[PDB]
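One chain follows as structure tokens, the form deposited in one PDB entry.
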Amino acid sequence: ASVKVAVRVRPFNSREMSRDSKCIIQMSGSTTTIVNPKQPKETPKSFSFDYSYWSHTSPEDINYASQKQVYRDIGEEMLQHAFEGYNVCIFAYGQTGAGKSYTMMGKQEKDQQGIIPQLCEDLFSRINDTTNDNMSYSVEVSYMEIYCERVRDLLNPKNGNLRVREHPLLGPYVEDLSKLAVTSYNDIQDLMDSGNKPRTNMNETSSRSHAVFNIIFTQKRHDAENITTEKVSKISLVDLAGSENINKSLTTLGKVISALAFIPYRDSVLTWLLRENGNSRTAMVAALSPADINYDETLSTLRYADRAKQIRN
């Protein structure tokens, strides 16, 4: 069906506290409100979404949205539809340091694993609990980075510009991008890390880079009668670029993001590549900063998140 949209507000960072910023994001129910610091007179505009996560405070707080809480709703839902044979897409949208990479990948400790790891772990959990001998599964994963229209394989750095292609009958694809068959959450977890630090001004991870991690979940159902049925699902869990080198992919997105449900799909590697996410079940988690000093940026995203929700594949 349509596209579920979720938003999140993180705690203050070092920069926000160093400027003594104030919280300008409020949330109650599924509705999030935002206040204008440089115009405290204007009416705080409120937006409503499928999820308005409050994670400003801390895991000590009761009304804090733990990453386990955000997975269970969105993630644990997409896996369900993946299993249902459907194509899924979860992409973190936001400002640099807004909380995308923490929402998606997160941290390896304190039960701080983002959406991605939780989906993986849950995928294999759901798989080894399989009693029906008539079932066999296949799980091949990829993990690339799109830094300014160029595609870079995070799992095979031992090489690349990697061209994005368009199969005459099988849509776009990054040729020579590796796909690695895994047989456990451990094997698919290593690929993550080794692929993580891989990612290509500012310090650490380039603000302007998209990191797509895709899983081709393949299910095989046999039966003595007498053919084995096969239904495959493609799982795209993305980590978009800071919504602000060129990374006009994200800007090109805004255009594609609009006109929900022509469309300049080929104006950017990202928009073209995730063309189907089309026939797919997509989720968008917008990462928001509680900082007043982010008035515009934070508002922008919201407006973006409000439009995306208006989509429906």
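Each residue number is its position in the shown sequence, starting from 1. Here, rigid core means the biggest group of C-alpha atoms that superpose within 1.5 Å across both forms.
Although not depicted, the form deposited in another entry is the subject of the following passage.
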Option from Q69, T43, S48, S58 moving between this form and the one not shown, CA shift at or above 2 Å, rigid core reference: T43
Core-aligned C-alpha movement of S136 between this form and the one not shown, 2 Å or more: no
Rigid core superposed: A283 CA moves 2 Å or more between this form and the one not shown: no
Per-residue C-alpha change between this form and the one not shown, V256, threshold 2 Å, rigid core fit: yes
